[PDB]
Structure formats: C-alpha cells, structure tokens
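>>> To kick things off, part of the complex as it is:
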Amino acid sequence: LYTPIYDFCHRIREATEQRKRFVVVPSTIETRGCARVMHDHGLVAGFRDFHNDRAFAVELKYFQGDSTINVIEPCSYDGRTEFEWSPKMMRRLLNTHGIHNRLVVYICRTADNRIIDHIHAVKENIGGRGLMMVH
Amino acid sequence: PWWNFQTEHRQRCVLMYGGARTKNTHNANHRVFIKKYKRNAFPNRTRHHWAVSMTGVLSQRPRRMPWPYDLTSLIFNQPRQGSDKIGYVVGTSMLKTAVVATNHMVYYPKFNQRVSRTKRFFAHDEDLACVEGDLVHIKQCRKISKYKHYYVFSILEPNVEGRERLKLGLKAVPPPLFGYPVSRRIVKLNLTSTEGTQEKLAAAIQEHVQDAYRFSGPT
Amino acid sequence: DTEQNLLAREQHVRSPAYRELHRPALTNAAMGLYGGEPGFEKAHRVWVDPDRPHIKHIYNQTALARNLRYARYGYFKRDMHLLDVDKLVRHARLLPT
Amino acid sequence: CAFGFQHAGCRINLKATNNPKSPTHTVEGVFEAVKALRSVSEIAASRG
Amino acid sequence: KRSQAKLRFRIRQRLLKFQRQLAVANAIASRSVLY
Amino acid sequence: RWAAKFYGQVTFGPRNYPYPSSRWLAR
C-alpha cells in the first residue's frame, strides 16, 4: 500500500482472520528480517521461497482453532511518518506498563541494517528505526 | 540520582540572579477580548485581528524548533551553525553577487516531522563565473555589502546549458511567464485597436467608479 | 511602407488615452487608509497591453489574484466592435477554429 | 473485583455511542474486553 | 427513557388522526360553530 | 365522514385544540 511494512502487516492481519495457510508478502530488507524475528519468537510456522528478492510466502501458525498472531501493527500507522527509536525507547518497550515485556515483540532496524527485536536491542544497548509490533 | 538539565539551568539562574523564579506565575486569569471596530471593517488589508493573539517567537503553539541534522551537517564539519552552506544559483542580475537559494530543516515535535524551508543569500563572485543553475558551496565571511556576508567558495556543479546559452548570446535561463501579480483585482489584458481605446477607457473608468460606489454600501 | 504603421503605433502609444488606460496599480497611500473602507481597501483594475507590457510577469498562479483563466476567449467577446483580432490571435486561450 | 483482577487497569470511552448515559454500556464493554483477553499460558501454548 | 417516548409517539399518532373529529365535539361544547 | 365536514366550520382559535400550533398537524 504505502510502505512494504504497512502492507506486510496488512496482508497478514487480513489473512489470519480468513484462516489461510500461506500469505504472499513482498520481500524487502526490512520485511524478511521482521519475518525472521517473528519466526524466532514462534509467531510464524515457516516460510516458502524465502530467498526470493521480490516476494515470499509466510506459513502461518495456528493452535486449537484460533491464530497465534493476535495483533500485528506497523509503526508508521499513517503509512507516511517514520520514527527513530532511542535505546531509552527500547528500554521503555522492554518494561512497558510496569511489567517485563517479552510477550509483545517490538522490532527495529539498526544503523547496521540488521533487524532485531527489542530484547536484543536492550541487550546490546542500541536502538533503531521502529518497524512493527506483533503479539 | 541523576539530575536533568533543568536542575543545571536552575543552578545557573540561582548563581546569576540570586534566586530561581518568583512563584505564582500562572494566575489562571481570563484574558477577555473586546471588539471595537465594525463587523468587516478592520483597518488592515490582509490580516484582520479578531481574537487574542499570542506573542512569542519560540513560546507559541504549534511548537517549532531548528533541526540541525540535514545534508549540510552530514557533509561539512562546521565551526558554527550557518558557516558553510550548499545551494543553487537563482539570480545573477547584480554585479559580483550570486543569489543562492539554500535549504534548512525545522522540526515539529507534535506531528513529529521535519520540513525544509528555503533561505536566499547574496554571495560574492569576483571573476563573474557563477551562472544561474550552478550548485555552489558558499561560506561565511566579513560584511562585503549591506546584504553580502557570504562568498562562493566552490562551484560543485556548473550549469553547462546556461553557459552554452550565454555563448549563443541568449539569456542563461529563459525567463518565466508567471510571477507576482500587482493587485488582487484580476489583471485583464487589453486587446483593442487604435480607435477603440477610448470606449475601453470609458468602460474601465466606469468600473472604477462602480468600485468606488461600493463605499456607499446599501442603496 | 512600414514607416506609416510604425509611426502610427508610436503615436498610438504616446496618446493620453493609452497612457491613462495603462496606468500602474494605485498604491496603498494613494487609495487611502490601512483598510476597513469598502472599495478603497484594494487597488483598482489594471489593464495591460500584451505586446508592450508595463508590468513584468503578466500572469500569476496565486490563490486569489489568479488571472490565467480570465485571459481565455469569451471575456473578449464582450467587446468585439473595439477588438483587435491580431492581438486576439496572438494572446488568447481556447480559441476555436 | 468481580473477576478477581486486582492488577489491572481499565478505561472506557463512551463518546462515540448514541446514548452515553446508558448503564449497560460500561459493563458490556468491560465484559467484552475481558472476554477478548488472552492469558500468558494460552499465548505460550499457541507460540510453543 | 425511549420506551415512554414510544408510548407518547403512539398517543400523539392516535390524536393526530382523529383531530378533525375531536375538534367538532369541543366546538359544540364551547358553542363555537358558524351555522 | 360526516364529522370531518364541520372542521372547516369552527373558528381558528379552538380548531387545533389539543395542540397550540396548527403547522405540525396532519395535512
């Protein structure tokens, strides 16, 4: 739609309600890294054609009727305005609402063009451009 | 505990003035605006003041601030802000003076976005080498004229088409057909003969007399 | 043969009706106050000759003083008895065949 | 307290309703929000 | 509060239908009829 | 239908009598 993170979240959010097995999402640098981080945390069952430089399929994960991915949202909620997260923002995202948050996964892209979640971002004291959240 | 910058600013104010600030500065006062002029007869031609206008250059809403992170800060290491600039030559109508349009960034934290504003500078070129269309790198210097405190340090990209048009005896850039108008009244172009200019003049003066009749209002 | 038409154009330019019709825009000090008075809060109607313009940049693209739409054919159909058809062919928009 | 949620926070906005002073709207909203809440064990079982 | 408003809606609907019938019987009682 | 014939016969004051105005009546 606007940015590939926005339609990458939009197609998964629309295909998890329709109870589909594979979602064809366009592969960019910031998209397949977010998908790999989602696969690491257990929100995605697998991938098809992951080495394709244009688009790849996400094999979704289901458990007892309902979907694993409940809420998936981009950081650019307008599709236009982007944000730069400080490491103070990453430590806020790790301890949000007074608890310790390994539940909701906030993903960012650092200055070294590596896509990491907020836990590894707090672990090595860096931030980045925030891409999306998913739980 | 780690104190913030407001503690250091309060310390500076205490060491300068002996005290930080006289309290009860808000006072919760109702600023009442009373009207004096008529409904559509405010004595101004552009901006008609009818509300309590806030005064302040950086203490107003929505809040702006300069954004120091741009192309110039990425390229040039500057001794101070505004020392080196990079822009485009837009006017060479004056001798030894290139008009350079440059850009800077101003940040809105409420909408969280930076926007590029444009500032025009007068720079100095002694040998008359700057043509309209050159990407130039200008630097601060002494006062040369009343509005010249910059000089063209380097021509980062010369306009080859402008120089080849100047070799042809033409202008460097063809002049624009649009620009600034002279009035809010729609400037109509007169297409009349040699003999039919008097009746066109009578129609124009009659239209001006009707616009003066608008002073009377009703009836 | 061209001296007659050139001298006629040069004498038409220096006529007082042409110089009165193509006067510049009246300033704010010439109209009156800072404003509030109807009819004198703006300038008056300015007429330009497209071949010998007394202003630079006849047209503009502003929000309120936008005048490119008023240069098209049809606004000069009001006065065709006084019209100059060579100036109509050279300077008009959306002329028919 | 009827659900046993002592460590919780709830905020209801009723301005987009036709009748914001209706008393069933607040209890209906709290029950619909608590019904849509997933536990930590359910999410951890869904993820593996 | 809307259920009492629907009851007022149906009673006003009943009297707006037979308004011309009831206006005569009040006018005979108030002795206002132009013969 | 015989009772509605006298509605044009009454005076304008006590004509619309359960309501103050005659504009919002059934026309």
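Arrived safely. Numbers count the residues shown, from 1 in each chain, chains lettered A, B, ... in the order given.
>>> check whether the helix or strand containing residue E:22 contacts chain F.
Assigned by DSSP states H and E, residue E:22 falls within helix E:19-29. Yes - applying C-beta under 8 Å from any C-beta of the partner chain, one finds that helix E:19-29 is in contact with chain F at E:19, E:20, E:21, E:22, E:23, E:24, E:26, E:27. (Each C-beta comes from the backbone N, C-alpha and C, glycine too.)
>>> So which bits of that helix are buried?
Across helix E:19-29, burial judged by 16 or more other C-beta atoms under 10 Å in any protein chain shown covers E:19, E:20, E:23, E:24, E:27.
>>> returning to that earlier point: among the residues of helix E:19-29 next to chain F, which one lies nearest to chain A?
Of all the residues of helix E:19-29 next to chain F, chain A sits closest to residue E:19, with 55.5 Å by C-beta to the nearest C-beta.
>>> and the helix or strand containing residue B:162, how far out from the chain's middle?
Following DSSP H and E, one finds residue B:162 within helix B:160-167. Averaging C-alpha positions (C-alpha atoms, centre = their mean, to the nearest Å) puts helix B:160-167 30 Å from its chain's average.
>>> Residues contacting that helix, please?
With C-beta atoms under 8 Å, 6 or more residues apart in numbering or on different chains as the contact definition, helix B:160-167 has outside contacts at B:131, B:132, B:133, B:134, B:171, B:172, B:173.
>>> need the residues of chain D near chain A, please.
D:9, D:38, D:40, D:43, D:45, D:46, D:47, D:48.
>>> Just the buried subset of the residues you listed, please.
Of these, these count as buried by 16+ other C-beta under 10 Å: D:43, D:46, D:47.
>>> Put this one in as RNA strand G:
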RNA sequence: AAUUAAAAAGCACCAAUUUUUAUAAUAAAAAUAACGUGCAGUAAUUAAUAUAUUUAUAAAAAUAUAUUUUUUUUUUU
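Below is RNA strand G, added to the chains above:
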C-alpha cells in the same frame, strides 16, 4: 380491529448590530434588533429530493432537467 422512533428538524415576531446626515458653524439626533416558525386548511386531498427561472396565494404556487421510490409470475457476468 394492521404495522409503526430505523433522530423529519430550528409581510411579521424576538434591543450579537446596522443605516442616514453639518456646503465660510463640523456629531448628536432619528431609525433599525440578530434569527427560526407563522393560523394558508379540505375533498379519504396529496410521489419525493436537488438545481435554475417566473408570479405577491411567498411560511406559497408554476415551469425546465436529473436522481430515487416496483411487492418475488421479465432479466443473472
């Protein structure tokens, strides 16, 4: 003797204001509120909405277009 809240709406009356004037003299006198209705009906009368024009039944009426309203025995990329 039926079904009916799925919100159709904000010439006069009511003092946010506004209008007029002084000719060798230069502002205090008069008038006017702003806004919406407004008895205009029937005949078991009467499709509605939007735009434009003309008539003092003007809160009305007429004319010229467009859109919608069909309850299944006509159509189905």
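>>> circling back to that earlier point, the helix holding residue B:162: which residues count as buried?
B:162, B:165.
>>> And the next helix or strand past it?
Taking DSSP H and E, what comes next after helix B:160-167 is strand B:178-179.
>>> Is chain C within reach of that following strand?
Yes - Strand B:178-179 reaches chain C (C-beta under 8 Å from any C-beta) through B:178, B:179.
>>> Return the list of strands paired to the helix or strand following that strand, each annotated with direction.
Later in the chain than strand B:178-179, the nearest helix or strand by DSSP H and E is strand B:188-189. Here strand B:188-189 has these sheet partners by DSSP bridges: strand C:47-48 (parallel).
>>> what's the partner strand in contact with?
Contacts of strand C:47-48 (C-beta under 8 Å, 6+ apart): B:187, B:188, B:189, B:190, B:200, B:204, C:21, C:22, C:54, C:55, C:58.
>>> Could you dump those into CSV and include neighbour count?
Formatted as CSV, the contacts of strand C:47-48 follow (neighbours: other C-beta atoms under 10 Å in any protein chain shown):
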residue, neighbour count
B:187, 21
B:188, 16
B:189, 21
B:190, 23
B:200, 20
B:204, 20
C:21, 21
C:22, 20
C:54, 15
C:55, 15
C:58, 21
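>>> quick one: contacts for the one residue in chain D that gets nearest to chain E?
Using C-beta to the nearest C-beta, the single residue of chain D nearest to chain E is residue D:19, 8.3 Å away. Residue D:19 is in contact with residue D:25, counting by C-beta under 8 Å, 6+ apart.
>>> Select the longest helix from chain B.
Criterion DSSP state H: the longest helix present in chain B is helix B:197-213.
>>> add RNA strand H to what we have:
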RNA sequence: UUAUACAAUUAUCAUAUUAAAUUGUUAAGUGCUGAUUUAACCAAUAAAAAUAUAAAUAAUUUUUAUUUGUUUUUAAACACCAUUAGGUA
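RNA strand H goes in next, on the same frame as the chains above:
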C-alpha cells in the same frame, strides 16, 4: 483531562474515475443512434525519468450536466402564456 468530531442533516475550505468512456467542422456515423436494444463503423486517446522512503519528487489548467446571453423575412415544424390567432422560446 478530547491530545479521537457515532450516524444523518445546517453550513463553508472544493478534480471531473477515464478503451464499458470522451470528442469528430477540415475526418466518421448521422434525420440530435438510446423507439428496439445490458453488445454500435472509422479517426485521436490505455504503458513509458529517479525515488518509496522522500519528509509537499505534483499542478494552479478543463467542463461531458443545468440555466442564461449572443442575431433578426433570418428555424418551416413540435411545445408553452394571452384564447384559436399573436408572440415566446
């Protein structure tokens, strides 16, 4: 403390969704293709710089629809208001 204004209306800041469509006089069809009919010859028009992150990369233009003007043996007709004939369009 809305940093959110539920729908439909009262009103102002206003891009006509286009190969199914628009225009055609010097090109076509033409009694104004829409009475029949979800389908209409030919001609012009479907895509064509970098960038998607880039912090406005774009323009200041047009009217296919409704009225109203523009000319007088200068529409024969058809339709409309004065009643059978004038004008009006």
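>>> Revisit the contacts of residue D:19 given that RNA strand H is now included?
Listed by C-beta under 8 Å, 6+ apart, the contact set of residue D:19 reads residue D:25.
>>> That one in helix, strand or coil?
coil (DSSP: H, G, I helix; E, B strand; the rest coil).
>>> can you count the residues close to residue E:31?
6 (other C-beta atoms under 10 Å in any protein chain shown).
>>> what's the closest residue to RNA strand G within chain C sitting at in phi/psi?
Going by C-beta to the nearest atom of the strand, RNA strand G is nearest to residue C:38 of chain C, at 8.7 Å. Dihedral pair for residue C:38: phi -70, psi 140, per degrees, to the nearest 10.
>>> Excluding chain neighbours, give the residue nearest to it in space.
Nearest residue to residue C:38, sequence neighbours excluded (C-beta to C-beta, 6 or more residues apart in numbering or on different chains): residue B:214, at 5.0 Å.
>>> do the same with residue A:17
Leaving out its chain neighbours, the residue that sits closest to residue A:17 by C-beta to C-beta, 6+ apart is residue A:67, at 7.9 Å.
>>> The residue in chain F positioned nearest to chain A and chain C: what is the separation?
Nearest residue of chain F to chain A: residue F:24, at 48.3 Å (C-beta to the nearest C-beta). From residue F:24 across to chain C, the span is 43 Å (C-beta to the nearest C-beta, to the nearest Å).
>>> burial of that residue, as a residue count?
11.
>>> circling back: roughly how far out does the helix holding residue E:22 sit from the chain middle?
Distance, centroid of helix E:19-29 to centroid of chain: 9 Å (C-alpha atoms, centre = their mean).
>>> is RNA strand G contacted by that helix?
No - contact of helix E:19-29 with RNA strand G (C-beta under 7 Å from any atom of the strand) is absent, the minimum separation being 7.8 Å.
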